[PDB]
Amino acid sequence: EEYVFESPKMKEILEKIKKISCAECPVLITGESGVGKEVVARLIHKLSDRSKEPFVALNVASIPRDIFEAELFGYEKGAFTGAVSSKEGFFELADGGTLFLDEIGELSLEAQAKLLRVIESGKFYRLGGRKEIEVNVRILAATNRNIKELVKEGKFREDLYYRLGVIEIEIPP
Amino acid sequence: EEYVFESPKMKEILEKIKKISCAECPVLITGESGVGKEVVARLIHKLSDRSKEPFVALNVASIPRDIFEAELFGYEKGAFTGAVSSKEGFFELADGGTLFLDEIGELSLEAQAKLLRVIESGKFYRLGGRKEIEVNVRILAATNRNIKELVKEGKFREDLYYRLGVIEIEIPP
Amino acid sequence: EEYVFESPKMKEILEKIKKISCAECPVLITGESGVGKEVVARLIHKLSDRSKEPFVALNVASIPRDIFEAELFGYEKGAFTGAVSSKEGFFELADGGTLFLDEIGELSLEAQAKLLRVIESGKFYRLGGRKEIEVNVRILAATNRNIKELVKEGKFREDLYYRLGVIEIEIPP
Amino acid sequence: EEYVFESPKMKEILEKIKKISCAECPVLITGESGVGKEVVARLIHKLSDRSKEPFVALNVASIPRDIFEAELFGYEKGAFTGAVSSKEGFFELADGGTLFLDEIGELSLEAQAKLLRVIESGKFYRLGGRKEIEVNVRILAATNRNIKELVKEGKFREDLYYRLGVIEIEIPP
Amino acid sequence: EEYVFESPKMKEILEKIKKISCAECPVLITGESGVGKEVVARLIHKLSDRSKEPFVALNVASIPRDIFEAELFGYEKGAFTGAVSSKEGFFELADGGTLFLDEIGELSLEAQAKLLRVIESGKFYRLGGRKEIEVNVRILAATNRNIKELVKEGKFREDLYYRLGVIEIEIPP
Amino acid sequence: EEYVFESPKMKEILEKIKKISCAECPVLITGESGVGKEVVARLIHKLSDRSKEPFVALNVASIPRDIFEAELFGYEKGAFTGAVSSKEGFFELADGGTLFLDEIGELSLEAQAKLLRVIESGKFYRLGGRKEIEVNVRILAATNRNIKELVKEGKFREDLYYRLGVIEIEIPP
Amino acid sequence: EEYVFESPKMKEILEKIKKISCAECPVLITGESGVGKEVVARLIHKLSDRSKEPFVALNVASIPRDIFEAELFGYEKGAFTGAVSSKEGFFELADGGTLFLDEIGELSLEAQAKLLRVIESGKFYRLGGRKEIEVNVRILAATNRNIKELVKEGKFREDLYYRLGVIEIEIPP
Amino acid sequence: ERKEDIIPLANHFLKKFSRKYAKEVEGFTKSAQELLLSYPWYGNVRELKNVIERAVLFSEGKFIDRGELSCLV
Amino acid sequence: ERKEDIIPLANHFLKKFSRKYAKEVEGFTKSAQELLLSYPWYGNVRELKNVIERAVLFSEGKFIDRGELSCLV
Amino acid sequence: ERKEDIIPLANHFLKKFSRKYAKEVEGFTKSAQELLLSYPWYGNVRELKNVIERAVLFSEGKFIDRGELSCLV
Amino acid sequence: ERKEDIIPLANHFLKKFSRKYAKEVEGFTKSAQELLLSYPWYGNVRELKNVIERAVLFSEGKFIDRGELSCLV
Amino acid sequence: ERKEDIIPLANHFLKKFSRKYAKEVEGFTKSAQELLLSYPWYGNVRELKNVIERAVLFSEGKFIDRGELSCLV
Amino acid sequence: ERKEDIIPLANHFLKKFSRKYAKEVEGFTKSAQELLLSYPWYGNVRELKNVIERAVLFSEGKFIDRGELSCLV
Amino acid sequence: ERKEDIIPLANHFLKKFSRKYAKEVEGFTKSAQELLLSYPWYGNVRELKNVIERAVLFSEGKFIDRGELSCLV
Ligand SMILES: Nc1ncnc2c1ncn2[C@@H]1O[C@H](COP(=O)(O)OP(=O)(O)O)[C@@H](O)[C@H]1O
Ligand SMILES: Nc1ncnc2c1ncn2[C@@H]1O[C@H](COP(=O)(O)OP(=O)(O)O)[C@@H](O)[C@H]1O
Ligand SMILES: Nc1ncnc2c1ncn2[C@@H]1O[C@H](COP(=O)(O)OP(=O)(O)O)[C@@H](O)[C@H]1O
Ligand SMILES: Nc1ncnc2c1ncn2[C@@H]1O[C@H](COP(=O)(O)OP(=O)(O)O)[C@@H](O)[C@H]1O
Ligand SMILES: Nc1ncnc2c1ncn2[C@@H]1O[C@H](COP(=O)(O)OP(=O)(O)O)[C@@H](O)[C@H]1O
Ligand SMILES: Nc1ncnc2c1ncn2[C@@H]1O[C@H](COP(=O)(O)OP(=O)(O)O)[C@@H](O)[C@H]1O
Ligand SMILES: Nc1ncnc2c1ncn2[C@@H]1O[C@H](COP(=O)(O)OP(=O)(O)O)[C@@H](O)[C@H]1O
Ligand SMILES: Nc1ncnc2c1ncn2[C@@H]1O[C@H](COP(=O)(O)OP(=O)(O)O)[C@@H](O)[C@H]1O
Ligand SMILES: Nc1ncnc2c1ncn2[C@@H]1O[C@H](COP(=O)(O)OP(=O)(O)O)[C@@H](O)[C@H]1O
Ligand SMILES: Nc1ncnc2c1ncn2[C@@H]1O[C@H](COP(=O)(O)OP(=O)(O)O)[C@@H](O)[C@H]1O
Ligand SMILES: Nc1ncnc2c1ncn2[C@@H]1O[C@H](COP(=O)(O)OP(=O)(O)O)[C@@H](O)[C@H]1O
Ligand SMILES: Nc1ncnc2c1ncn2[C@@H]1O[C@H](COP(=O)(O)OP(=O)(O)O)[C@@H](O)[C@H]1O
């Protein structure tokens, strides 16, 4: 059988997804919990040119704020007591495919920045030093909070907003 | 001689214990203080397949909330000023046997989570880093408070409830 | 010359002291201010087997409730801004001898507990960590308030009562 | 020219001052406002052996009750948000000389005690910790209220009374 | 054209203002509502040496009695929940110029004092701590109530009266 | 069909409403209970330029005098035991539209003032602190009592009268 | 076409730039964000004798305070784990040309000093050791904060102020 | 107590508002000017400010007389 | 909101466990099937998973009805 | 504050993307051009860059008007 | 609620201590045994443990009756 | 209660201020000196300090008498 | 309640201080000794310690009687 | 505290720079010389060194007065 989309506003949103097909600009999805955000990311990617490519979805809340900037990107050896190898990255694992960051508002100012730098340059370095890796990952942010607000609270970098705010989809409860 | 069970509701509860015998799903016991909760855990385990195996009962109230997440699981060296060796665990001591957590409601949100993760995965890590130990311990939670309530108070993780709520026994005063 | 005991009830209490001689179970003395409590402790100890041993009397009121749990027992280095050495203890100074805690009711719930643990185990640790010292001190509590009452007020641990309530002497005004 | 004393009761009080000369025991002066209390302190000290030594007079009312126990004695660093250096003391400034505490009744129970301790031991510590300073200051209390009364009101420590009540001068309106 | 003064008593008061010119001692203006008090302050200052300097007039009634001692002077950071910066002051804004406190009687005893201290010393501190600012402001108090009376009611500090009572002008209805 | 206006004095009042159309100055409506006051407000607003904009009518009697100054404006967090978020406002909800305060006489002196300040400045702060919000709301007061009278009773601020008394409509029984 | 300067104060500032032409003394530019500071630096340099020479503008905020003293100047090999070659410098890259340090206040005390030394001597060494390089770079500092203030806060070296304060331009918002 | 102010002020106001609400109102008639001078103006300058914003809005032609004013004053 | 799922799912589960604990339990009775469909299932699929592992263990014969279920649901 | 830039810039962008995603989009309609000029453009040039890449992709025919734009602006 | 325990327990204790403090105490008298059974024993087994260590020490002869006990119970 | 102080003090003050505000004021007249001695001086030395700074400023010629003083005292 | 202590103690003290302040004070007179015994001594031993240091200093000759004492007691 | 230095020093500097930047600047005017002497010179000799290199460059004619200086001092 199939999936489920039939209400006007969604009859719509599906198409918006379909059009966005041939694209790679990041996408910002927003709706209350349960509305289908992460279901749209997944669909956007099933529809993007890189459907067959991996889907690296990671809940930004499912990781202590102090280790996100260690697992998203990666880690350069001996910089934090105990390192079995410079740590790879979800960015690197998502290289060539999609990287669905769920619950964006929960990004530390430090990573909010560090992401921005990788959304524009596409290059990143694991900790102190310089970039030595090439990643081609389409950003897909989804959050249930109101981004704009957070911007006047200073909890959310504005320039990072507009950067992910290329394509913006809003799922109605 | 013997032990004591003769009232209908208990004439019952004993059997429920007997049936549960061949199982390992966690069990949630609840009754006012003194009703026989910890007496049932002990009996459940005397009856489980692992009776001959250890019984690691630990009162969650008999340890300052800040050191529970250091003794239940274990501790990775030099993470807290002074560490004679990465600390073992009641989980590790209870490996292969039962782990009767008394007075569950008294679990910090941080450990309530950390337990859940070990009830599903069965793997755990001592502090920051990753899991490197294999523990096979049957969870047996007993509390005298009303769990459900605590869930609307936000003091008790719901998903951790249903996880321990596989088998639920309620001892009447 | 001598000391003073001649009224029946005291003609008595002296003997009770004399009998208790060959003992070490804690003793709970109670009478209005001035009745001779601290005079009896002192006599109990002059009569115990450890008379020649030290007498470490300490008024529980003569120390701010927040520093009692730092001087009775002892203190593990760097746990409170400024520590010249892990702090010894009146318990340790009273090791081998008597420890007359005057005005017991004035014990914080935290120490009331911490004492209990040392009345049974006899081992104690200075702050967070574990016991590494051996103390043999006979507890001698004296208070002018009515313990029992305090128990229904929750200001006084019951189990700590019965523990010190091994031998109980009551000095009549 | 000179100063003014000619009435019998004062023709007297002057002498009492003169005799007290060779002494250092604290002195308690009491008379209605304006009667000449602070004029006698000053004279007592002009006559004591330490006349050439400093005179540290401080109105106990001229300082908010919450900062007296911070300026009389002194202050150990970082114990109250913002400390440029552990605070010296009027006690320390009055070391070797007289310390005329005016309007004693206005002493907080906490300092009334803290003074007593320094009238007997002569040693004091700035906040929590221990004494590390040596002060030789002659106490000179003057108040216009009736001390005794205050003692039955519990607003004034009795033992601190008798301690300052070594030498007592009463100036008649 | 011009302003308006022609009655004898005012033909006068103008001159008194003119003479006072070369001065800086505070001035106390008193007359029924509407009589021209605040019109005289303004004129006194137009005539003082510091006419070109600012005129910081502030109605002592136009601010809740609990925030006057926070805005007149200033405020030292984190002393009251929420502080964006240690608060400046009308005293500091009036530094170098005039500070016309209207309706003086409406000063809290706490500020009545705090003002006095700044009328004599000229130095002030924002909350607890010490003075770290230099203000040269000429005080100009105007009230419609009878000061003296208030002094027997204890609602008005006397010494603060005589301090502002250097130059006193009374505007007849 | 339509609404109802046909008597001369009302044949009139309708027009007065129509003219007032292009305005925003507050309006003061007065007539016995039931005369049609709240029906005129509603019509004034249906006719003002902001008809399509919201109509925030609130009975000043339908709220305990102690919580009006908490709901009209808004509330700054933790200032009154229990605050889930700094409270929004009917002023803020009425921003951009009309705010029909019914039964004005029932305004506490404290709010009567607080309103005045917002009728002139248009800025307001939720409790202690400063204004941080921008509200454009047209005031529409209606009361059945005689305002003027209340002014000689001191129950109603005069300056607040003339401020709302820009446009005044009186509905005859 | 052209650029934009037409207001008096700027009609001015342009000229000041033009005059400064034939110079090399550092220049201190200050104005609120966006006022055109970095637009003036750029113009100063387009006008200096070294216009054809490079323009090395570097935001002092666009680099973690711990790596500025590693990239501005340069780095002597093996002094920090991992060094592919003793690191060159923006100072060295700016040799012969301008070095526009934006947001000066954001300079660590350590570099504030290290810059001063290079503004006077013109010689610098990469880390520990001695100078072995010759750099001829005209300093151009621009900050939006008030330097002077920072000097009383101790966050900004004074002597470094006057050194850059040779020529000072202030852009009005 | 400044009847020499009422007519000038009023005229100020009538100008402000006539321009604020785009009303072709030029000024007060004699009959009106009288009234304005007789009213006690308890509110004073303030009350006149209102009385006229109100009269400017209520205005129908190019002038204001006993008509709109009496409505208030 | 998928009552068309409760009975199939439940039946899935009853199979899993009946095989996991070697219990001769074939399935639910009508009386039981009703209950399962009426329960609100706040936990949803999860809660039903538990409710039935539990009911499989508590099971005595070949079927499950109001009996074991009511114990919970 | 450069409304004389919105329409030219926008037109730049619409060209970039129309070519980047191979879309037969020639340009904005009047109705659309208006909107673009009225929007406040807080993001400024940046926001317009996005608003139009987005509008180029969402584009269905040869032109863009109130339609796709309103979706955003 | 185990009066059938008081007399046996008590007797346990009286033995422990009689041996711990080298006291020639053999056991309780009837009169005493009664009391022990009537006391409510809030502390229960614990309180009896103490009550008797205490009674063993206070003991003078070979037995314990209302005498030493009443002192407490 | 030191009328022997008023005239000397006063004279001190009149000197301070006469020099502080550059006023050619030499001293008080008899008529004035009397008044100063009769005033009760509740403020005492303080009040006289003020009364005279004030009288020095108000001073017009070289002396001070009932004139300026009565203004206050 | 130890009047048998007042006179001996007192005498202790009078010795301490007489030596501490180098005063030729040998002891109390009868008249004085009486008083000391009648005083209630609320402060007890402490108060007597003070009362006499004080009396030793106030002392003029070789003895102390009603004189210096009454000053206090 | 060496106002006798400001004018000579300044004059030193004005010479250095006038020669360093090839500017036909001979010296300060009275009006200017005054200012230089009144300025507090917190930086002292250093600040004057800068203030004048700066004034030499800003210089337009042969002299310097309130003009260029006020820009700073
Ligand atoms: N439009 C839809 N059609 C069918 N199923 C949906 C739809 N939207 C959501 N779901 C379902 O609801 C669940 C909630 O999904 P999800 O989108 O991940 O939550 P959230 O929006 O908070 O990230 C999913 O398991 C999915 O199967
Ligand atoms: N059903 C029972 N039969 C015999 N003894 C029991 C029974 N229930 C409880 N007890 C006794 O009561 C005491 C209280 O036991 P426990 O179950 O541990 O308390 P809680 O239920 O609060 O954990 C135990 O020491 C035990 O011997
Ligand atoms: N039975 C007694 N015989 C002789 N002196 C006693 C007796 N009881 C108390 N005292 C005296 O009374 C004083 C009060 O003593 P203390 O027992 O310490 O008070 P409290 O009972 O409040 O602790 C002691 O200094 C002691 O010398
Ligand atoms: N016996 C005296 N002889 C001379 N002057 C005195 C005498 N007593 C008080 N004074 C004066 O009276 C004033 C009040 O003094 P003071 O003793 O400080 O007040 P109080 O007794 O309330 O502390 C002093 O300034 C002092 O000069
Ligand atoms: N002498 C005067 N000449 C001209 N106008 C005056 C005079 N006195 C008062 N006024 C006017 O009266 C008003 C009331 O002024 P104000 O002095 O501020 O009141 P108050 O005396 O209660 O402070 C002012 O607006 C002012 O223009
Ligand atoms: N002029 C009118 N024409 C038609 N209905 C009216 C008119 N005036 C009042 N009403 C009706 O009478 C009721 C009373 O309305 P309301 O104006 O709100 O009372 P009040 O004047 O006391 O605020 C309304 O429900 C409304 O429908
Ligand atoms: N005077 C000016 N004339 C023309 N454009 C200017 C002018 N001032 C600033 N700008 C423009 O404004 C922007 C802000 O520039 P910038 O000077 O770098 O900011 P800041 O002053 O904070 O360093 C630049 O992109 C520039 O094109
Ligand atoms: N003299 C005047 N000329 C023109 N308009 C005035 C004059 N006085 C007051 N107004 C107007 O009347 C209103 C009354 O203002 P305000 O000065 O605040 O009165 P008050 O005397 O009570 O302080 C103001 O909003 C102002 O625009
Ligand atoms: N549609 C389903 N069919 C069969 N079993 C299911 C179904 N959905 C969930 N389950 C079972 O129920 C449990 C709930 O799983 P889960 O997918 O993690 O729920 P959630 O929607 O909260 O992510 C799983 O362990 C799984 O075995
Ligand atoms: N049934 C018993 N028989 C003999 N002695 C006992 C018995 N129960 C308890 N005791 C004694 O009484 C004390 C009470 O012990 P405990 O078991 O800790 O009580 P609780 O039920 O509160 O856990 C113990 O020190 C033990 O020696
Ligand atoms: N005896 C005096 N001779 C000259 N001036 C005095 C004399 N006493 C006080 N003054 C002046 O009068 C003012 C009153 O001062 P102060 O000593 O503080 O009074 P008080 O007795 O209340 O402490 C002082 O500022 C001082 O300059
Ligand atoms: N019995 C005594 N004989 C001699 N001097 C004593 C005696 N008792 C007390 N003193 C003196 O009196 C003072 C009271 O001392 P202290 O023992 O502390 O009293 P308290 O009973 O309140 O503890 C002591 O400083 C001591 O020198």
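Residues numbered from 1 in each chain as written, not as in the entry; some residues may be left out. Chains lettered and ligands numbered in written order. Heavy atoms only, no water.

In its metadata, the entry names cryo-EM as the structure determination method and reports 17.00 Å as the resolution.

1. Topic: the overall build of chain A
Counting its secondary structure elements, chain A contains seven helices and seven strands. The linear arrangement of helices and strands in chain A, starting from the amino end, is α-β-α-β-α-α-β-α-β-β-β-α-α-β. Taking 173 residues into account, the globule formula puts the C-alpha radius of gyration at 16 Å, and chain A, at 16 Å, falls close to it. Overall, the C-alpha framework of chain A stretches about 55 × 40 × 25 Å when taken along its three principal axes. Here chain A holds 173 residues, and the buried ones make up 48% of them. For chain A, long-range pairs separated by at least 24 residues make up 75% of all intrachain contacts whose partners lie at least 6 apart in sequence. Side-chain charges in chain A split into 26 positive and 30 negative, and the spacing between the mean points of these groups amounts to 3 Å. (Helix = DSSP H or I, 4+ residues; strand = E, 2+ residues; numbered from the N terminus. Rg over C-alpha atoms; globule rule 2.2 N^0.38 Å. Buried < 20%, exposed > 50% of the residue type's maximum accessible area, 1.4 Å probe, protein only. Contact = heavy atoms within 4.5 Å. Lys, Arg positive; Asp, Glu negative; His and termini not counted. Charge placed at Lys NZ, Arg CZ, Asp CG, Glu CD.)

2. Some words on the site of ligand 4
All names here are of chain D. Taken together, the neighbourhood of ligand 4 is formed by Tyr3, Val4, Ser33, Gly34, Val35, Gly36, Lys37, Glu38 and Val39. At 2.9 Å from a nitrogen atom of ligand 4 is found a main-chain nitrogen or oxygen belonging to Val4. For ligand 4, the protein covers 59% of the area, taking 560 Å² as the surface of the free molecule. (Near = heavy atom within 4 Å. Polar contact = N/O pair within 3.5 Å; in protein donor to acceptor, adjacent residues only side chain to side chain. Areas by Shrake-Rupley, 256 points an atom, 1.4 Å probe, with all protein chains shown as cover.)

3. Side note on the interface of chain J and chain A
Frequently, the measure chosen for interface size is the accessible area removed from exposure when the parts meet. Each partner contributes residues to the interface: chain J has 11 residues there, and chain A has 13 residues. Each partner contributes to the roughly 1200 Å² buried at the junction of chain J and chain A, and carbon and sulfur atoms together form 61% of this total. Interface area lost by chain J to chain A is led by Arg54, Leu57 and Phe58 of chain J, which between them contribute 48%. Linking chain J with chain A are one salt bridge, by the criterion used here. Note that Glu60 of chain J and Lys19 of chain A form a salt bridge whose closest N and O atoms lie 2.6 Å from each other. Taken together, the residues of the side of chain J that touches chain A sort by class into four nonpolar, two polar and five charged. (Buried area = accessible area lost by both parts, 1.4 Å probe. Salt bridge = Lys/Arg side-chain N within 4 Å of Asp/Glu carboxyl O. Nonpolar A, V, L, I, M, F, W, Y, C, P; charged D, E, K, R; others polar.)

4. Description of the environment of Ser7 of chain E
The topology assignment puts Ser7 of chain E in the segment before α1 (8–20). Separated by 60 residues in the primary sequence, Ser7 of chain E and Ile67 of chain E place their C-alpha atoms 40 Å from one another.

5. Quick look at the arrangement of the chains
In this assembly chain B lies apart from chain H, the nearest approach of their C-alpha atoms being 56 Å. Where chain G comes nearest to chain H, the C-alpha atoms are still 32 Å apart, and the two do not contact one another.

6. Overview of the packing of aromatic side chains
A complete count under the given rule lists 77 aromatic pairs over all chains for this structure. For the ring pair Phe73 of chain A and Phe91 of chain A, a centre distance of 5.6 Å and an interplane angle of 5 degrees mean the geometry is stacked. Of the two residues, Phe73 of chain A sits in the loop between α3 (68–71) and α4 (90–93) while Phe91 of chain A sits in helix α4, which places them 18 residues apart along the sequence. Ring centres of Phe91 of chain C and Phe124 of chain C lie 5.9 Å apart, and the angle between their planes is 40 degrees; on these two criteria the pair is classed as tilted. Pair noted here: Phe91 of chain C is in helix α4 (residues 90–93) and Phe124 of chain C is in strand β4 (residues 123–124), with a separation of 33 residues, a long-range link. Exposure class is identical for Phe91 of chain C and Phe124 of chain C. Each is buried. An aromatic cluster of at least three residues, connected via ring pairs, comprises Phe73, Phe91 and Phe124 of chain A. The side chain of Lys114 of chain A reaches across the aromatic face of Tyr125 of chain A, ending 4.0 Å from its centre. (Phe/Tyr/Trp six-rings, centres within 6.5 Å; stacked < 30°, edge-to-face > 60°. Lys NZ or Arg CZ within 6 Å of the ring centre and 35° of its normal.)

7. A short note on the sheet that holds strand β3 (residues 98–102) of chain B
Residues and elements named next belong to chain B. Reading across from one edge, β2-β3-β6-β1-β7 is the order of the five strands in this open sheet, with parallel pairing throughout. The open sheet has two free edges, formed respectively by β2 (55–59) and β7 (167–170), since each of these has just one partner strand. The mean inter-strand angle of the sheet, taken between neighbouring strand axes irrespective of direction, is 15 degrees. Across four bridges, the pairing between strand β1 (residues 27–30) and β7 is parallel. Its bridge partner being in β7, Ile29 is matched across the sheet by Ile169. Sheet strands touched by helix α2 (residues 37–47): β1, β2, β3, β6 (138–143) and β7. Its angle to β1, the strand with the most contacts, is close to 150 degrees. (Pairing = 2+ DSSP bridges. Axes fitted to C-alpha atoms, helices over the stretch in contact; angles between N-to-C directions.)

8. Let's talk about the site of ligand 12
Residue and element names in this part refer to chain M. Around ligand 12, the surrounding shell consists of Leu9, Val45, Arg46 and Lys49. Between an oxygen atom of ligand 12 and a side-chain N or O atom of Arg46, the distance comes to 3.3 Å. Between ligand 12 and the protein, one listed contact pairs an oxygen atom with a side-chain N or O atom of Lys49 at 2.4 Å. Look at ligand 12: alone it shows 560 Å² of surface, and the protein chains cover 36% of it.

9. Remarks on the pattern of salt bridges
Residues and elements named next belong to chain M. Considering all chains together, one arrives at 77 salt bridges over all chains under this definition. The closest approach of N and O atoms between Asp5 and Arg2, which form a salt bridge, is 2.6 Å. Residue class for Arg2 comes out partly exposed when judged on its relative accessible area of 48%.

10. Things to note about the sheet that holds strand β6 (residues 138–143) of chain G
Residue and element names in this part refer to chain G. The strand order across the open sheet built from five strands is β2-β3-β6-β1-β7, with neighbouring strands paired in parallel fashion. Both outer strands of the open sheet, β2 (55–59) and β7 (167–170), are each paired with one neighbouring strand and no more. Across the sheet, the mean angle from the axis of one strand to that of its neighbour is 15 degrees, orientation sign disregarded.

11. Quick word on the environment of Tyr75 of chain B
All names here are of chain B. Summarising the element assignment, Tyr75 is placed in the loop between α3 (68–71) and α4 (90–93). Considered as a pair, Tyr75 and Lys87 are 12 residues apart in the sequence and their alpha carbons are 4.3 Å apart. Excluding residues within four positions of it along the chain, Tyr75 makes contact with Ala70, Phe80, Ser86, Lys87, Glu88, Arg126 and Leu127.

12. Describing the pairing of strand β2 (residues 55–59) of chain C
Residue and element names in this part refer to chain C. Of the two faces of β2, the one holding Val56 and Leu58 is buried and the one holding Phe55, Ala57 and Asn59 is not buried anywhere. Looking at chain direction, β2 and strand β3 (residues 98–102) are connected through five bridges and run parallel. Across the sheet, residue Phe55 finds its bridge partner in β3, namely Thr98.

13. Quick look at helix α3 (residues 45–58) of chain M
Residue and element names in this part refer to chain M. For α3, with 14 residues, the first-to-last C-alpha span of 20 Å sits near the 20 Å given by 1.5 Å per residue. A large share of α3 lies buried, amounting to 11 of its 14 residues. Buried within α3 we find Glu47, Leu48, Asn50, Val51, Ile52, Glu53, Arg54, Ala55, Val56, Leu57 and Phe58. (Expected span 1.5 Å × (residues − 1).)

14. Things to note about the side chain of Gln112 of chain A
All names here are of chain A. Of note, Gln112 is situated in helix α5 (residues 109–120). Residue classification places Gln112 among the buried positions, given a relative accessible area of 0%. One polar contact links the side chain of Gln112 to the main-chain carbonyl oxygen of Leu107, over a distance of 2.6 Å. Contact partners of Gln112, with chain neighbours within four places excluded, come to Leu107, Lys155, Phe156, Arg157 and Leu160.

15. Some words on helix α2 (residues 37–47) of chain F
Among the residues making up α2 of chain F, those that are buried are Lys37, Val40, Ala41, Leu43, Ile44 and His45 of chain F. For α2 of chain F, the secondary structure elements touched by its buried residues are α1 (8–20), β1 (27–30), β2 (55–59), β3 (98–102), β6 (138–143) and β7 (167–170) of chain F.

16. Here we look at the side chain of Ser48 of chain G
All names here are of chain G. In this fold, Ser48 is placed in the loop between α2 (37–47) and β2. Note on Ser48: relative accessible area 5%, which makes it buried. Here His45 takes part through its backbone oxygen, which lies 3.4 Å from a polar atom of the side chain of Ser48.

17. Considerations on unusual backbone geometry
Residue and element names in this part refer to chain C. For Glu103, which is not a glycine, the phi torsion comes out positive at approximately 55 degrees. Mapped onto the elements, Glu103 comes out in the loop between β3 and α5 (109–120). Phi is positive for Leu127, which is not a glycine, with a value near 80 degrees. Note on placement: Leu127 falls in the loop between β4 and β5 (133–134). In this structure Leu127 comes out as partly exposed when scored by relative accessible area, which is 36%.

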